[PDB]
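*Asks:* Here you go, one structure.
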2 protein chains.
Amino acid sequence: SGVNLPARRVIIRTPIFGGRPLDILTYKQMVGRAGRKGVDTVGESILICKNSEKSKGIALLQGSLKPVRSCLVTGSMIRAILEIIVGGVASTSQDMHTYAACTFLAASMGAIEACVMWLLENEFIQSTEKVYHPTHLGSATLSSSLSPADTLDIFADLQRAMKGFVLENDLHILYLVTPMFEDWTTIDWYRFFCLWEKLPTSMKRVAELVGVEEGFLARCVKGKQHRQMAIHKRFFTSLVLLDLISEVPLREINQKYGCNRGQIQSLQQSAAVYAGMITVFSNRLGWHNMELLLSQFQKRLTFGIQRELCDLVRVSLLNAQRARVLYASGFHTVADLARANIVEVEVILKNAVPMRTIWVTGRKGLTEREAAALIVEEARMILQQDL
Amino acid sequence: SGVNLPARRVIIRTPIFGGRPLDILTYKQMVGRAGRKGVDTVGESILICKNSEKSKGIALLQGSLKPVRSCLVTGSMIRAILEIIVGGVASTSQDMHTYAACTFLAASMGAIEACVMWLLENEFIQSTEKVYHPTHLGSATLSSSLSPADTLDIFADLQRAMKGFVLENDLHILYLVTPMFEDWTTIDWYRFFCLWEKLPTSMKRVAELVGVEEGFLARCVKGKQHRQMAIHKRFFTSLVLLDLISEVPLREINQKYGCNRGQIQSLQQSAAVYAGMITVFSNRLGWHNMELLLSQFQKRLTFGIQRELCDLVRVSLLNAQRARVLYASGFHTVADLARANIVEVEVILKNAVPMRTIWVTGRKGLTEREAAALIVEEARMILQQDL
């Protein structure tokens, strides 16, 4: 499903992918890369099958991808009506019924009117004379683009930071921006136990405040609760993210956290969007103090930087190390970095090694002389374009 | 200052005792045991002196006992007038001034009336038309026989356990009954730090609730606050006492807690009186809840037993082991221990070894057959005498 990777021959190992048979939908694009335009006159695919698996394998060759559905109580439809009656375009209930006539479900050929009552129960909409008007929680969910199923928990979770908050460490702030657990990595309980003990006094206070138990953490799982399970994995996700924003080596996290670099950036990119949705959610809800703490946490989770390098990182070619080594060069803001001597940044960028050898996302490789010039050149354009 | 120990010769090491010159008062009784009555016709005392210390040493010989004082703002006088006007005997202020004419200070030959004003400020006394009446705090302090200086802190300390309490472990209850630190032992910070880490999760919750800091505990003292000092040493006294009421061996405490067995009994006997004063203090103050929790903690601290052996220990001949081994013999209460077979308790008492060899306080040594018969015989008298 990714970027086009042309190749003359395509080989598939088994019709069974991860213990399950290969889907036809992904199979069409699975082979579709075979044959380069204007270079290769013939492209081929060789699916590999054994014993009785050939009967299952051949079915994909003569099979066709399944027809599309609408997937529309349903959690994907609650947001649908919330997206229209909160924007103010559709107010009368009868006109809302015509919206359900405009969807994919209607065009394919009851509970739609019974689903707005679900929103009525959860304070998302106030009932008036029927003509519906959004509430403070309803308008905040739409602006931040969260699913209404998740918001009910967040609203009761963010409001539980009202009772008690810690500020020495970023853990409690990070705990409220970790999205979920999904299946981003396989947990290691014994490894978590050793990490649980070595945690400092400040961080252990956070866990008790959000429901994580010191007495039960990597203790009962060894010897053997869905909402309690979604909290412990949420805490582990927050522990990993705190090391990410501390700029610890990514290799070191592997040796310490058990999850490899592939699932780390697939989480810090996903958790950075969450911090960009909680911040907007708290902005529209009139929580000006909470928006202050989470305002800078979207930029920190994306790039794995500290507070110091937030301004340096604004240049698109400084991801996580090209700004740290540059920061030690006496350049602490992007304003005066834009005025750096061109020949000066060449030597400092040469060092710190863990002709197109330096890499920048989007333009493949680059040479050091050009990229260092691009560091200043991009900094020129930022200073006057935003003022 | 203890029990008489006659001897024909008494020899003293140095006039300097513990880095200070020896007092005259203790010197009269220092060698007064020399010469047995009706056995020794001559008793002698030989003080050993060196170099120039002989001039200081001879002052002991020709010295006379220092004249007595009264030591009577003064903390020992606040209790003096509280103890009388709260009993109802002295009410009028002029009669109180007459009482101050009856003291040792008066008979030896201004601020007496000013010390009442100290009691007025601290709510110990309500002011009426001057005729004075007790308050709820004033009548509770007298009955429990606590110094008014200590009560002001206890009342706030015991009202902080009002808001938050823990019950799974006996630590927080023990924290409210540890008297002070005095100079019962020399603290070991590094050993406490290792002990601080190995504390379970439940006990560490108590320390944060009473002012003890996980971050600062055997951390700053190594690298280098009187009320903060008196709390940490209070916590150590409560930490030691919990092992005492867990029936752990006293030898093991020495290897683990660093304080010798001599200072342990000098604490558990002193801390047992405190539990007998806090319980009475809470009784008169109308706190019927922790009067229940602290009711059994005077007997536990005196004998270093658990809850199970509270009834067995009522017999004066079962201190801390003679009841534990007897408890495992199927005898769990003093009611049915009174009906035990005489020959049965002989064999069980013979075992558990860590003719008059078994020892009982107050009667020197005893033989096993007599003492085992005394275990039952004392239990006979208790059953009907108390009913």
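Residues are named by chain letter and number: chains run A, B, ... in the order of the structure tokens, numbers start at 1 in each chain, and ligands are numbered from 1 in the order shown.
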What are the residues of chain A that have an atom within 12 Å of an atom of chain B, counting only C-alpha atoms, as a list in words?

*Replies:* residues 196, 197, 198, 199, 200, 201, 202, 203, 204, 205, 208, 213, 214, 215, 216 and 217 of chain A

*Asks:* Please, could you write that set of residues out with N, CA and C atoms as a PDB file, in the first residue's frame?

*Replies:*
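Output contents, as saved in result_27.pdb:
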```pdb
ATOM      1  N   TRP A 196      10.103  -0.861  36.401  1.00  0.00           N
ATOM      2  CA  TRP A 196       9.198  -0.292  37.395  1.00  0.00           C
ATOM      3  C   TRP A 196       9.931   0.021  38.695  1.00  0.00           C
ATOM      4  N   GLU A 197      10.825  -0.872  39.125  1.00  0.00           N
ATOM      5  CA  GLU A 197      11.579  -0.629  40.350  1.00  0.00           C
ATOM      6  C   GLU A 197      12.523   0.557  40.204  1.00  0.00           C
ATOM      7  N   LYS A 198      13.231   0.645  39.083  1.00  0.00           N
ATOM      8  CA  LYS A 198      14.262   1.657  38.906  1.00  0.00           C
ATOM      9  C   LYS A 198      13.696   3.038  38.612  1.00  0.00           C
ATOM     10  N   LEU A 199      12.376   3.151  38.514  1.00  0.00           N
ATOM     11  CA  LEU A 199      11.754   4.454  38.313  1.00  0.00           C
ATOM     12  C   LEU A 199      12.004   5.337  39.526  1.00  0.00           C
ATOM     13  N   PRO A 200      12.213   6.642  39.301  1.00  0.00           N
ATOM     14  CA  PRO A 200      12.493   7.564  40.408  1.00  0.00           C
ATOM     15  C   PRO A 200      11.248   7.890  41.218  1.00  0.00           C
ATOM     16  N   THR A 201      11.422   8.586  42.337  1.00  0.00           N
ATOM     17  CA  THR A 201      10.287   8.918  43.194  1.00  0.00           C
ATOM     18  C   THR A 201       9.263   9.796  42.485  1.00  0.00           C
ATOM     19  N   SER A 202       9.717  10.714  41.631  1.00  0.00           N
ATOM     20  CA  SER A 202       8.800  11.662  41.007  1.00  0.00           C
ATOM     21  C   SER A 202       7.860  10.975  40.021  1.00  0.00           C
ATOM     22  N   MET A 203       8.391  10.073  39.189  1.00  0.00           N
ATOM     23  CA  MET A 203       7.566   9.422  38.172  1.00  0.00           C
ATOM     24  C   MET A 203       6.590   8.419  38.773  1.00  0.00           C
ATOM     25  N   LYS A 204       6.984   7.725  39.841  1.00  0.00           N
ATOM     26  CA  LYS A 204       6.092   6.771  40.490  1.00  0.00           C
ATOM     27  C   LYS A 204       4.856   7.428  41.083  1.00  0.00           C
ATOM     28  N   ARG A 205       4.934   8.707  41.448  1.00  0.00           N
ATOM     29  CA  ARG A 205       3.762   9.420  41.935  1.00  0.00           C
ATOM     30  C   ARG A 205       2.710   9.581  40.847  1.00  0.00           C
ATOM     31  N   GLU A 208       0.300   6.282  40.375  1.00  0.00           N
ATOM     32  CA  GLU A 208      -0.757   6.142  41.368  1.00  0.00           C
ATOM     33  C   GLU A 208      -1.904   7.112  41.129  1.00  0.00           C
ATOM     34  N   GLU A 213      -1.275   0.774  39.513  1.00  0.00           N
ATOM     35  CA  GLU A 213      -0.995   0.311  40.865  1.00  0.00           C
ATOM     36  C   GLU A 213       0.443  -0.175  40.972  1.00  0.00           C
ATOM     37  N   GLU A 214       1.165   0.333  41.971  1.00  0.00           N
ATOM     38  CA  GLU A 214       2.492  -0.198  42.260  1.00  0.00           C
ATOM     39  C   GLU A 214       2.409  -1.656  42.694  1.00  0.00           C
ATOM     40  N   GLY A 215       1.403  -1.991  43.505  1.00  0.00           N
ATOM     41  CA  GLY A 215       1.255  -3.362  43.962  1.00  0.00           C
ATOM     42  C   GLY A 215       0.956  -4.329  42.834  1.00  0.00           C
ATOM     43  N   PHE A 216       0.115  -3.921  41.890  1.00  0.00           N
ATOM     44  CA  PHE A 216      -0.191  -4.721  40.707  1.00  0.00           C
ATOM     45  C   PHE A 216       0.383  -3.998  39.493  1.00  0.00           C
ATOM     46  N   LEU A 217       1.604  -4.370  39.118  1.00  0.00           N
ATOM     47  CA  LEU A 217       2.188  -3.922  37.857  1.00  0.00           C
ATOM     48  C   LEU A 217       3.291  -4.911  37.514  1.00  0.00           C
TER      49      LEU A 217
END
```

*Asks:* Got a sec to tell me which of range 151-384 of chain B DSSP assigns to alpha helix (DSSP H), as a VMD selection string?

*Replies:* chain B and resid 151 to 163 171 to 175 189 to 198 201 to 210 220 to 223 226 to 244 250 to 257 261 to 284 290 to 293 297 to 303 324 to 327 334 to 337 344 to 350 368 to 384

*Asks:* Give me, as an mmCIF file with C-alpha atoms, in the first residue's frame, all polymer residues having an atom no more than 8 Å from residue 134 in chain B, counting only C-alpha atoms and skipping those fewer than 5 positions away in the same chain.

*Replies:*
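Output saved as selection-v3.cif:
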```
data_model
loop_
_atom_site.group_PDB
_atom_site.id
_atom_site.type_symbol
_atom_site.label_atom_id
_atom_site.label_comp_id
_atom_site.auth_asym_id
_atom_site.auth_seq_id
_atom_site.Cartn_x
_atom_site.Cartn_y
_atom_site.Cartn_z
ATOM 1 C CA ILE B 85 -7.599 23.754 87.896
ATOM 2 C CA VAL B 86 -8.799 21.074 85.463
ATOM 3 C CA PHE B 124 -6.759 24.464 77.009
ATOM 4 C CA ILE B 125 -9.030 26.671 79.147
ATOM 5 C CA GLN B 126 -12.237 28.620 78.530
ATOM 6 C CA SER B 139 -9.633 17.584 80.286
#
```

*Asks:* Residues at most 12 Å from residue 71 in chain A, counting only C-alpha atoms, excluding those fewer than 3 positions away in the same chain, as a PDB file with C-alpha atoms, in the first residue's frame?

*Replies:*
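Contents of result-v1.pdb, freshly written:
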```pdb
ATOM      1  CA  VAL A  68     -17.103  -2.089  -1.024  1.00  0.00           C
ATOM      2  CA  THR A  74     -22.466   2.183  14.766  1.00  0.00           C
ATOM      3  CA  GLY A  75     -19.534   4.197  16.081  1.00  0.00           C
ATOM      4  CA  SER A  76     -18.668   5.584  12.642  1.00  0.00           C
ATOM      5  CA  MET A  77     -22.164   7.078  12.240  1.00  0.00           C
ATOM      6  CA  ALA A  80     -21.323  11.592  10.978  1.00  0.00           C
ATOM      7  CA  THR A 103     -24.869   8.774   2.372  1.00  0.00           C
ATOM      8  CA  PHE A 104     -23.371   5.612   0.911  1.00  0.00           C
ATOM      9  CA  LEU A 105     -25.857   3.477   2.857  1.00  0.00           C
ATOM     10  CA  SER A 108     -26.624   1.244  -1.866  1.00  0.00           C
TER      11      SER A 108
END
```

*Asks:* Give me the residues within 9 Å of range 279-296 of chain A as a PyMOL selection string, counting only C-alpha atoms and dropping any in the same chain fewer than 4 places off.

*Replies:* chain A and resi 136-137+139-146+158+161+173-174+177+274-275+300+307+310

*Asks:* Between CA of residue 339 in chain B and CA of residue 351 in chain B, what is the distance in Å, rounded to a tenth?

*Replies:*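 Rounded to one decimal, the two atoms are 21.2 Å apart.
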
*Asks:* Hey, what's within 12 Å of residue 117 in chain B if we count only C-alpha atoms and toss same-chain stuff fewer than 2 positions away? As a ChimeraX atom specification, please?

*Replies:* /B:73,78,81-82,93,111-115,119-127,132

*Asks:* Go ahead and dump the residues you just picked, N, CA, C and O atoms, as a CSV table (one decimal), in the first residue's frame.

*Replies:*
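Everything below was put into out08.csv:
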```csv
chain,number,residue,atom,x,y,z
B,73,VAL,N,8.7,31.5,80.5
B,73,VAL,CA,7.9,30.5,81.1
B,73,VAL,C,8.6,29.2,81.2
B,73,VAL,O,9.7,28.9,80.6
B,78,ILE,N,3.6,24.7,83.4
B,78,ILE,CA,2.3,24.7,82.7
B,78,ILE,C,1.5,23.5,83.1
B,78,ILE,O,0.3,23.7,83.2
B,81,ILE,N,-0.3,23.9,86.9
B,81,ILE,CA,-1.5,24.6,87.1
B,81,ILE,C,-2.6,24.0,86.3
B,81,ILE,O,-3.8,24.1,86.7
B,82,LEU,N,-2.3,23.5,85.1
B,82,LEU,CA,-3.3,22.7,84.4
B,82,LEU,C,-3.8,21.5,85.1
B,82,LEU,O,-5.0,21.3,85.1
B,93,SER,N,-9.0,32.5,90.7
B,93,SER,CA,-7.6,32.8,90.4
B,93,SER,C,-6.9,33.1,91.7
B,93,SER,O,-5.7,32.8,91.8
B,111,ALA,N,5.3,35.4,87.6
B,111,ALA,CA,4.9,34.9,86.3
B,111,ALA,C,4.0,33.7,86.4
B,111,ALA,O,3.6,33.1,85.3
B,112,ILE,N,3.5,33.4,87.6
B,112,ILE,CA,2.6,32.3,87.8
B,112,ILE,C,1.3,32.6,87.1
B,112,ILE,O,0.7,31.7,86.4
B,113,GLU,N,0.8,33.8,87.2
B,113,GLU,CA,-0.5,34.2,86.6
B,113,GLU,C,-0.3,34.3,85.1
B,113,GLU,O,-1.3,34.1,84.3
B,114,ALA,N,0.9,34.7,84.6
B,114,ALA,CA,1.1,34.8,83.2
B,114,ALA,C,1.1,33.5,82.5
B,114,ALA,O,0.9,33.5,81.3
B,115,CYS,N,1.4,32.4,83.2
B,115,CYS,CA,1.4,31.1,82.6
B,115,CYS,C,-0.1,30.6,82.3
B,115,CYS,O,-0.3,29.8,81.3
B,119,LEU,N,-2.1,29.1,78.7
B,119,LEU,CA,-3.1,28.1,78.6
B,119,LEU,C,-4.4,28.7,77.9
B,119,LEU,O,-5.1,27.9,77.2
B,120,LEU,N,-4.7,29.9,78.1
B,120,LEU,CA,-5.9,30.5,77.4
B,120,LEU,C,-5.7,30.6,75.9
B,120,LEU,O,-6.6,30.3,75.2
B,121,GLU,N,-4.5,30.9,75.5
B,121,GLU,CA,-4.3,31.1,74.0
B,121,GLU,C,-4.4,29.7,73.3
B,121,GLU,O,-5.0,29.7,72.2
B,122,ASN,N,-4.0,28.6,73.9
B,122,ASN,CA,-4.0,27.3,73.3
B,122,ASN,C,-5.3,26.5,73.6
B,122,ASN,O,-5.3,25.3,73.5
B,123,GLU,N,-6.4,27.2,73.9
B,123,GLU,CA,-7.7,26.6,74.0
B,123,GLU,C,-7.8,25.6,75.1
B,123,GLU,O,-8.8,24.9,75.3
B,124,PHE,N,-6.7,25.4,75.9
B,124,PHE,CA,-6.8,24.5,77.0
B,124,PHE,C,-7.8,24.9,78.1
B,124,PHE,O,-8.3,24.0,78.8
B,125,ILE,N,-8.1,26.1,78.1
B,125,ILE,CA,-9.0,26.7,79.1
B,125,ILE,C,-10.0,27.7,78.5
B,125,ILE,O,-9.6,28.5,77.7
B,126,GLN,N,-11.3,27.6,78.9
B,126,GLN,CA,-12.2,28.6,78.5
B,126,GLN,C,-12.4,29.7,79.6
B,126,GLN,O,-12.4,29.3,80.8
B,127,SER,N,-12.4,30.9,79.2
B,127,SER,CA,-12.5,32.0,80.2
B,127,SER,C,-13.9,32.4,80.5
B,127,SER,O,-14.7,32.6,79.6
B,132,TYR,N,-12.3,29.8,86.2
B,132,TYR,CA,-11.8,29.1,85.0
B,132,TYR,C,-12.4,27.7,85.0
B,132,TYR,O,-12.5,27.1,86.0
```

*Asks:* Mind pulling up the distance from CA of residue 176 in chain B to CA of residue 270 in chain B?

*Replies:*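 Interatomic distance here is 13.6 Å.
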